[PDB]
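Participant: starting from these lines, generate the structure:
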Amino acid sequence: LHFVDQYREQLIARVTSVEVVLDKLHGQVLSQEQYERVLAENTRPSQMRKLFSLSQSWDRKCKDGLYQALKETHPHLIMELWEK
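Facilitator: Numbering: from 1, shown residues only. Here you go:
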């Protein structure tokens with residue numbers, strides 16, 4: 001969803017449970033080689049930013065999945081992001 005795209009750089013610096021947020025993206029939006037690639041990054045935003053690098057091929061299925069996982073992980077953020 002263009003939501004992750006629009007409020008993109010804001011997620012890079014606010015998504016906290018990056019680990020568990022990628023756990024959900026594992027089986028469908030991002031491959032195995034990708035899963036550990038973005039997981040390799042040390043810091044939270046370094047990891048989060050690495051993830052968005054892969055968006056180049058995300059469709060309403062992928063960009064939506066990411067959104068979905070985010071909403072489950074931490075709702076208060078995307079809820080505050082919409083009010084913005």
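Participant: which residue is the nearest non-sequential neighbour of the residue nearest the centre of the chain?
Facilitator: Among the residues of the chain, the one closest to the centroid is residue 66, at 5.0 Å (C-alpha atoms, centre = their mean). Residue nearest to residue 66 in three dimensions, not counting chain neighbours: residue 4, with 5.2 Å by C-beta to C-beta, 6 or more residues apart in numbering. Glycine gets a C-beta too; all of them are placed from N, C-alpha and C.
Participant: what's the burial count for the one you found?
Facilitator: 22 (other C-beta atoms under 10 Å).
Participant: residue contacts, it?
Facilitator: 11, 52, 55, 58, 63, 66, 67, 70 (C-beta atoms under 8 Å, 6 or more residues apart in numbering).
Participant: are any of these buried, and which?
Facilitator: If you count burial by 16 or more other C-beta atoms under 10 Å, the buried members of those come out as 11, 52, 58, 63, 66, 67, 70.
Participant: make JSON lines out of the residues you listed and add secondary structure and distance to residue 34.
Facilitator: Putting the buried ones among the contacts of residue 4 into JSON lines (DSSP: H, G, I helix; E, B strand; the rest coil; distance: C-beta to C-beta, whole Å) gives the following:
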{"residue": "11", "secondary structure": "helix", "distance to residue 34": "17"}
{"residue": "52", "secondary structure": "helix", "distance to residue 34": "12"}
{"residue": "58", "secondary structure": "coil", "distance to residue 34": "12"}
{"residue": "63", "secondary structure": "helix", "distance to residue 34": "15"}
{"residue": "66", "secondary structure": "helix", "distance to residue 34": "12"}
{"residue": "67", "secondary structure": "helix", "distance to residue 34": "18"}
{"residue": "70", "secondary structure": "helix", "distance to residue 34": "17"}
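Participant: how about these in JSON lines, adding distance to residue 80?
Facilitator: Below are the buried ones among the contacts of residue 4 laid out as JSON lines (distance: C-beta to C-beta, whole Å):
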{"residue": "11", "distance to residue 80": "12"}
{"residue": "52", "distance to residue 80": "19"}
{"residue": "58", "distance to residue 80": "23"}
{"residue": "63", "distance to residue 80": "20"}
{"residue": "66", "distance to residue 80": "18"}
{"residue": "67", "distance to residue 80": "15"}
{"residue": "70", "distance to residue 80": "12"}
